[PDB]
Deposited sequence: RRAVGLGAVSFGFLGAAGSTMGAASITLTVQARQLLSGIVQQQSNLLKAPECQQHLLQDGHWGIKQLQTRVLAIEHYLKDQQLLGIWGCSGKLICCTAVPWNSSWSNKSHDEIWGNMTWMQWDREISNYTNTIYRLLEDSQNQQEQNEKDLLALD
C-alpha cells in the first residue's frame, strides 16, 4: 500500500498519492525488548524514524507548506532543471523517473523555496 501507483504516470499517481497519502496514514515483546541488544536496536530504529519524519515536517514548515500534502509555491520553474512542458512529467513520466531526472537540482530548488518564504515572512510583518 505504501507504493501504490509507483512507476505509474505522475498525473495518475498524484490522483492517487493525495487520496492514498491520507488513506495510508503511514508513519506518524519482552524478549525482544529486555534480552540482549534487540531492544536497543528497536529503539534506534524507532528514534531514527521519528527523526526522519520530523525532518520532512520541518522542511515543509520552512517552505510555508505546513499541514499540506499539496502546496503551490511562489518559485517559478526554471527550464534549466527540466525543459518538459508537462508533456512527459504529468504524461508519460513516473515519479521515480522524475526523481531521477531532477536528483541533481533538488538542493537548489530547496534554497529557492526557502528564499521565497523569507520574503513572504518579511512582507507578512511589513503589511501588518
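The chain's deposited sequence has unresolved stretches at 1-11, 40-52, 153-155, with no C-alpha coordinates there.
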